[PDB]
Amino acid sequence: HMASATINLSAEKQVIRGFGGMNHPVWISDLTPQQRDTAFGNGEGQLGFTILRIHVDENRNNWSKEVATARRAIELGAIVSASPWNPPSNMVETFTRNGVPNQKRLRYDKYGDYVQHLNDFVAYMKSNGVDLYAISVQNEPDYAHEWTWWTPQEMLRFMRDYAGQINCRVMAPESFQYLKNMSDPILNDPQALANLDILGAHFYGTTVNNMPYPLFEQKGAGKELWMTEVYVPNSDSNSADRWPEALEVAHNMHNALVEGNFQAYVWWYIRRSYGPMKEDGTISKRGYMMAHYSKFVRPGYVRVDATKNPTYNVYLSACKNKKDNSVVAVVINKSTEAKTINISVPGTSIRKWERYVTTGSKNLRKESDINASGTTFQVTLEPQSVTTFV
């Protein structure tokens, strides 16, 4: 039997900003020179990442450790965003939170000093050849057992009365789970919303039903939407090549893009035993899942409407290159059976797709071209696979 899907090139959705991951040379080892190239180049055997995330150290004597990786990322065409975990210690005080004592927050009398600390980091990185794309108010203000807590109202006061002085695009609030209570106050206050440039969110435990954001569709004109940190489905030691488990990475990216309208998807540590690049410097199954998007859906491409679930266990997304109206379709098949789909692309002059396939036994393998019959491309997806058509 034969399933169907339609890609509508005239129904444009979000512009793609890019894909990438975290570097943190204070908590773990920096990327090496060769690993910087594997991450940020887009040749064969490279990931094609176009976003680097870094941390803003509370101790300025550590800032120089960021520079070499961030410079090489930019030279290879990536953008850089930075997130703080704590303010300098002289700006912090303690409080008791839900009966747990000794918890950290920014002193209310130090909000202006904290603006200056962020600006000092921006200017230091600029002096060193790293013009940051954006800087965040706080990493996970709502999951801060091990760092600095901010309530929705503390975040709001900072966004409204201080964030306009930051000499960079401002990212907020980076909830651990995209909890809307952290961001609704910013969207609902005209001055706080003016001082926002990127709505940042993490995805830990975020379900599909919680990926849409009606208030952001209503009030978010001119603001970018980025998923700035996750790992999925777990951080188990030495898990990065497990199959078919790695398919959950692809699915979570599909869901960010299509269910959440996200413009960016950013992993936690780039190099790690559960990450996209293994400790031996080679790409993991989880990394190939990312690569099906990152190598092909380049910054400035625009997502378009496409049948998202054409048959059980099959998931489709499509993005268009506005330079020539060509399309990139990424199709996941979680079934133990092969699936054949007629994909209609009305109004296209394109008549041939190339395809790259990942299964448990091959990585980004170039398979036989698809020749269209008129504007319909009939494709067959191997069981337990991801295919990118270009």
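We number the residues from 1 along the sequence you see.
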Higher mean Cα B-factor in the deposited model: 95 to 103 or 175 to 183? 95 to 103
Going by the mean C-alpha B-factor recorded in the entry, which is higher: 17 to 25 or 376 to 384? 376 to 384
Quick one: which of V266, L257, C168, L247 has the biggest Cα B-factor according to the entry? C168
Return the residue from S335, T50, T340, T69 that has the highest Cα B-factor in the entry. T340
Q218, C-alpha B-factor rank within chain (lowest, middle or highest third): highest
Using the B-factors in the PDB entry, rank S136's C-alpha atom against the chain and give the third, lowest, middle or highest. lowest
Assert third(CA B-factor, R298) within chain per record equals middle
If you rank every modelled residue in this chain by C-alpha B factor, which third holds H202: lowest, middle or highest? lowest
Splitting the chain's C-alpha B-factors into thirds, which one does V130 fall into? highest
